[PDB]
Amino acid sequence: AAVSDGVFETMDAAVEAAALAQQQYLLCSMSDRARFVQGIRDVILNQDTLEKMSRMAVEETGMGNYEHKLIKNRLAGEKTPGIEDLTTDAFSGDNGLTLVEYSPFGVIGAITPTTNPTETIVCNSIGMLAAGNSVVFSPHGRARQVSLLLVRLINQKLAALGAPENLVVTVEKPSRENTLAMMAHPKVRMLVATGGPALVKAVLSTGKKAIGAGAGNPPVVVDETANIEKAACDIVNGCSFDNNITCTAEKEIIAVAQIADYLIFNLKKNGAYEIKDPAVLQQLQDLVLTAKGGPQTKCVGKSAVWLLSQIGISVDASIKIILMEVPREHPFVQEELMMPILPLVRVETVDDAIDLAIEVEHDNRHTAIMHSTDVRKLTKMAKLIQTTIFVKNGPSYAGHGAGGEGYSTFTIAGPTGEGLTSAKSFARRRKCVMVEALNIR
């Protein structure tokens, strides 16, 4: 009588275990699904586990900050849709009744990132189990200890609820070699990749159904009609949240010249440290960029204080982002730093900002933000930029369900088109036609 904890020595064993679990899960009720989904929430939302997970992940990856991981972890456990997300469509007429249902895929193989290692395990497992699947996690090696502990905790709770063993599994030695082994396993029916563009292309080359949640470079546009004070507060909060490691965070400002100066003034009131010295700006570049001009790993997810500390500047906790006005070609603008480093580009009109916001978004079709009260301008940018998420007059994280209407998720699929994934995304659509019967209108 040895109950599994869900962590296996090899990827092949994890997949076979999750496959057998999926067959048994098919014999369960929707009520059973709901109890297991509620068990996952209970795990992450238990105040102790919540605090450990949040602190443990920041320590192991060095990315993010504790207080905001508490919020994001809670957001995942509280506002990830459950079985209620699996609605039913019905059409009744002379030819009978037709029902359309969301049924399970089978064994799903999920690949999680280093920025949100626990939040993405919580969100994926809740939605995938709600849809009747089993999930194999290939986590980032840099998030091994915390990712594996969370899996063990989930299995523990699920075992106490009488669930079939191994609904959620991972490997004891997370590595890229194991990810590839999962991507190649015949019994994996669907891949869900949350990471960079290189990962998204890989899973879309396996011969399997695959949801790809790629990267972005979210611009935020502030036009002359905007509540500048509010925009400044929303932009600093949105940019500095979790030290800018959320895929939706603001990562460049495109301000209309008429209001640019007053914006910068209010930015500095809300904790923005403006770098005006072109020599100090070069020190920051040397610190955060690599030879290839890309973000330096050791700096990703560090506070603005820490980053300024590294170049000999000492500031207090009130400073949340580092701010600089630079040309549109600057690397900080072009690159996805994932740091509380926020460039600002000055443009003449609101239409110029929209054009440059589309250009600098690099056609990721991911996220973009705009501050403005003119319904016409809000409509124009939203229509043109064609991003999976578009926030107006609020912090970027309002698109995640924290501050805006809608549920929350941590797998945002721009490329593959599924949008803000939920249990619906991890389900096959089925049609059931009862001919000339059950039409009782």
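The numbering used is simple: start at 1 and walk along the sequence shown.
Enquirer: Averaging CA B factors per stretch from the PDB record, which one is higher: 259-267 or 108-116?
Expert: Here the higher of the two C-alpha B-factor means belongs to 259-267.
Enquirer: Please work out which of 192-200 and 272-280 has the higher mean CA B-factor as recorded in the PDB entry.
Expert: Per the PDB record, 272-280.
Enquirer: Among 169, 163, 319, 126, which residue carries the highest C-alpha B-factor recorded in the PDB entry?
Expert: In this record, 319 carries the highest C-alpha B-factor of the candidates.
Enquirer: Per the coordinate record, which of the options 78, 286, 242, 85 holds the highest CA temperature factor?
Expert: Highest C-alpha B-factor among the listed options: 286.
Enquirer: Consider only the C-alpha atoms of the modelled residues in this chain, order them by B-factor as the entry records it, and name the third containing residue 395: lowest, middle or highest.
Expert: For residue 395, the deposited C-alpha B-factor lands in the lowest third.
Enquirer: Where does the C-alpha B-factor of residue 212 rank in its chain, lowest, middle or highest third?
Expert: Middle third of the chain for residue 212's C-alpha B-factor.
Enquirer: State the tercile, meaning the lowest, middle or highest third, of residue 332 with respect to the CA B-factors recorded for its chain.
Expert: As the PDB entry reports it, the C-alpha B-factor of residue 332 lands in the middle third of its chain.
Enquirer: Taking the chain's C-alpha temperature factors as the reference, tell me which third residue 346 falls into: lowest, middle or highest.
Expert: According to the entry, residue 346 has a C-alpha B-factor in the chain's highest third.
Enquirer: Among the modelled residues of its chain, does the C-alpha B-factor of residue 67 lie in the lowest, middle or highest third?
Expert: Within its chain, residue 67 is a highest-third residue by C-alpha B-factor, going by the deposited values.
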